[PDB]
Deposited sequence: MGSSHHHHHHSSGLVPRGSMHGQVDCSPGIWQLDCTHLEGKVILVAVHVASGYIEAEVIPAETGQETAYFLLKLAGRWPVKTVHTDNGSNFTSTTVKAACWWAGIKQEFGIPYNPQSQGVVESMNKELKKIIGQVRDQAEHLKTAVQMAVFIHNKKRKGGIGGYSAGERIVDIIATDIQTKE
């Protein structure tokens, strides 16, 4: 279904990368934060939900969605309840950027635009088609 997203955290250089994947397309959005917290996860979800018609979110760590602030964000936004190559691409460009956050966003760019259609083309088509 086009409203389904997966969200997980990965760790790199003592920082945390929040990665959201649109399951039907493989499109990704990510952000770098200092550490995993409910406040960060809630903020990320609210941003995501304002961009895309987000219906359901899955995760590989259920406990990360247990805070009051995260349940509040899912409530208000009407939400119900890849790190393999992404880390490959980050390593490849890591040299080219000073800050890890900059390398992560270059990696997301590369991932979303690389063709086999690209993930970014597929999300827009999947969603436009459903309107």
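Colleague: Could you please spell out the deposited residue ranges that have no C-alpha entry in the coordinates?
Modeller: Several stretches lack coordinates - namely 1-26, 108-123, 159-163, 179-182, in sequence order.
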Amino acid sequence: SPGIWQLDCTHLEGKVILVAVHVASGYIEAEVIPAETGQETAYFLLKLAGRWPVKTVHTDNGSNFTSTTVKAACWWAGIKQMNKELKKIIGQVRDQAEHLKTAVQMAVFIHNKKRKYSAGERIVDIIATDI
From here on, numbers count along this sequence of modelled residues.
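Colleague: Using the B-factors recorded in the PDB entry, average over the C-alpha atoms of 64-72 and of 90-98, then report which stretch comes out higher.
Modeller: Higher mean C-alpha B-factor in the PDB entry: 90-98.
Colleague: Report the stretch with the higher mean CA temperature factor, choosing between 28-36 and 42-50 on the basis of the entry.
Modeller: The deposited B-factors put 28-36 ahead on the C-alpha mean.
Colleague: Per the PDB entry, which option out of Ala103, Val57, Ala77, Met82 has the greatest Cα B factor?
Modeller: Among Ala103, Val57, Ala77, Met82, the highest C-alpha B-factor in the entry belongs to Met82.
Colleague: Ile127's Cα B-factor: lowest, middle or highest third of the chain?
Modeller: As the PDB entry reports it, the C-alpha B-factor of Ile127 lands in the middle third of its chain.
Colleague: Can you tell me which third, lowest, middle or highest, the CA B-factor of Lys114 falls into for its chain?
Modeller: Its C-alpha B-factor belongs to the highest third of this chain's values.
Colleague: Among the chain's modelled residues, which third holds the C-alpha B-factor of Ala107?
Modeller: Answer is lowest: the recorded C-alpha B-factor places it there.
Colleague: Going by what the PDB entry lists, where does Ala20 fall on CA B-factor within its chain: lowest, middle or highest third?
Modeller: According to the entry, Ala20 has a C-alpha B-factor in the chain's lowest third.
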